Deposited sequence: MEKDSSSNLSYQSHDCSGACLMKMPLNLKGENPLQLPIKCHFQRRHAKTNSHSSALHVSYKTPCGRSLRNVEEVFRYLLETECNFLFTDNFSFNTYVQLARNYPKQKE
């Protein structure tokens, strides 16, 4: 999901509600630090390649893309939630 520099708009854009963004071509990404004791950070990548850090930025992205069909609980930033397994 390569990114080309742009301002997001509408053109950028199920048994398990956690899988709905993945069906809409988002990715859920788990970043592993190189700290001796490793930390994980979850991010989402959008269909247009934007990276989202948190639910506030998900909200911003859904506002910019005029998306009425994804909601706060379609997303999780919890490093121990597996979308396939924790529903």
The record leaves without C-alpha coordinates the deposited-sequence stretches 1-8, 22-29, 104-108
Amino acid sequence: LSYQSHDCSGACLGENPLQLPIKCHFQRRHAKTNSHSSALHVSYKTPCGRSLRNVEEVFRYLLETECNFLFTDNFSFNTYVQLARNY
From here on, numbers count along this sequence of modelled residues.
Taking the mean of the C-alpha B-factors per stretch from the entry, tell me the winner out of 32-40 and 57-65. 32-40
Chain thirds by Cα B factor, record data; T72 belongs to the lowest
Determine, from the deposited record, the chain-internal third of the Cα B-factor for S9: lowest, middle or highest. highest
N16: C-alpha B-factor third of its chain, per the entry, is the highest
